[PDB]
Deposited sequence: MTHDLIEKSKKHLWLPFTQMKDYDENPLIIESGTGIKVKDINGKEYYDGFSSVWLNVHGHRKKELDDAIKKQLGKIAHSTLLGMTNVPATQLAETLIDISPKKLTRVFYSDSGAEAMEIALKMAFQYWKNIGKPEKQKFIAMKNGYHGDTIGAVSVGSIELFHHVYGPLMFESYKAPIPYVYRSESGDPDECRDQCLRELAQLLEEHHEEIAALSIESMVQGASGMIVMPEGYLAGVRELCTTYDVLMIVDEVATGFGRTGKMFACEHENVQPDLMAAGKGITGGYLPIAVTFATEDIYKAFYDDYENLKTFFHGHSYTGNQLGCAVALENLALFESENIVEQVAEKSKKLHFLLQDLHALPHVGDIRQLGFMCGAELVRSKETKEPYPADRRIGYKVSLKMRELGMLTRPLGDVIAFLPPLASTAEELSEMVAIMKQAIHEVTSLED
């Protein structure tokens, strides 16, 4: 029965990033998917409006991807990368090196995007110790030490450039007086995802790259949310032509089918761990399913679809009519901000335009909208009161428009009643 599936789900599960009480009152259990839609156990279909949490590229039950996994099963599902390697992980690594910024020449596999970033930090940490400067041991976290990222929406000036230069100036001052103790800087690539789909103003990222080079601090670029076509580029750091020292990737790498993550490094960083085992230069980390054949085999096929379906350039083109559709959401009294880079978008809801006072958090306004969209046939995740919109890269222009329409209807319906 379907009512006992539901019952067993709230008895045995503990779900990530969710208040289980919320899950218990509004369960949803997915059974299948095809194209850009998923279907629950009652047969109700939804638009994957968030690409299963921004990792689904070509939709579900993408035949080429289905076949690439079946093909790989005919050989071997998993052999280890500890001390040795396998065919698909080696082949993928070459293809990954080709499509990434030019100075990134090394691929270290891991199991999640979060582990890839932790790996980037250990690499940066050990890097300085290995080249004889163990005083460089602190990190700059871009919101250790904290530096501000520009958020133009709520921001005294409301100016992309003033916000850019003012934040850069704060970074610049932090380096000036701490840099000799700092190993690295970690920053999302063009878009702050979880912090509300906040797009960086032009010149900002190229500007922190520049400061990092000047202060001998490694720059870690997190591309887990933005990588593989999401922003209309293969990697988002191309928007500003920045070369990372370290780059984390995952999610869409497999077209969204399986867990694979990568930390890219430069050759200069790589060679600081290359030496006789005796002189202790080895980077002692890495997991047990790292470079899983099944995940690498579906990734290879994923990147073959990018190149044979000009996916990145389709995203960039489709993003043009998407712009106008999203900008029309401003017609609603409780929108307030619309942010977009490629298929990476957010609509920040407010109780009042130009005070921009948010709703009190206890009004659950992002969550109520997510729930309304859900009854309307569309899945997405609210980040606070920002409605995220990250549809599959393979999303049609008509599918794009159907999704924005459901989103607009949901925002209006919840929000018309709040105040």
{"item": "Non-modelled portions of the deposited polymer sequence, in sequence order", "value": "144 to 172"}
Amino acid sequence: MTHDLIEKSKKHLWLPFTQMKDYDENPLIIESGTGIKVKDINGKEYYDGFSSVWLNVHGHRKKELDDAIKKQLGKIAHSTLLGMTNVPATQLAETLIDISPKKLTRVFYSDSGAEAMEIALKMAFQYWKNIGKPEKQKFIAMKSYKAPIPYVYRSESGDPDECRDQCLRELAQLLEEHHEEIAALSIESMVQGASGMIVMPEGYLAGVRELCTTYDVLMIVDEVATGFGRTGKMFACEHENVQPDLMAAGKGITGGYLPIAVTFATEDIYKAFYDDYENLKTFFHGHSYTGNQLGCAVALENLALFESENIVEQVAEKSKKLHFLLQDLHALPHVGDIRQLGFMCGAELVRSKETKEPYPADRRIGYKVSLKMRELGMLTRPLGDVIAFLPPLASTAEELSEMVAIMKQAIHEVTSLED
From here on, numbers count along this sequence of modelled residues.
query: Comparing 131 to 139 with 185 to 193, the one whose average Cα B-factor in the PDB entry is higher; finding: 131 to 139
query: Comparing 168 to 176 with 116 to 124, the one whose average Cα B-factor in the PDB entry is higher; finding: 168 to 176
query: Maximum C-alpha temperature factor, selected from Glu223, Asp245, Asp268, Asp161; finding: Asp161
query: Residue selected from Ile253, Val107, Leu325, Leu349 by maximal Cα B factor; finding: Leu325
query: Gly377, C-alpha B-factor rank within chain (lowest, middle or highest third); finding: middle
query: Among modelled residues of the same chain, the CA temperature factor third for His78; finding: lowest
query: Third of the chain, ranked by Cα B-factor, where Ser319 sits; finding: middle
query: CA B-factor placement of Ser144, once the chain's modelled residues are sorted into thirds; finding: highest
query: Assigned third (lowest, middle, highest) for the C-alpha B factor of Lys44; finding: highest
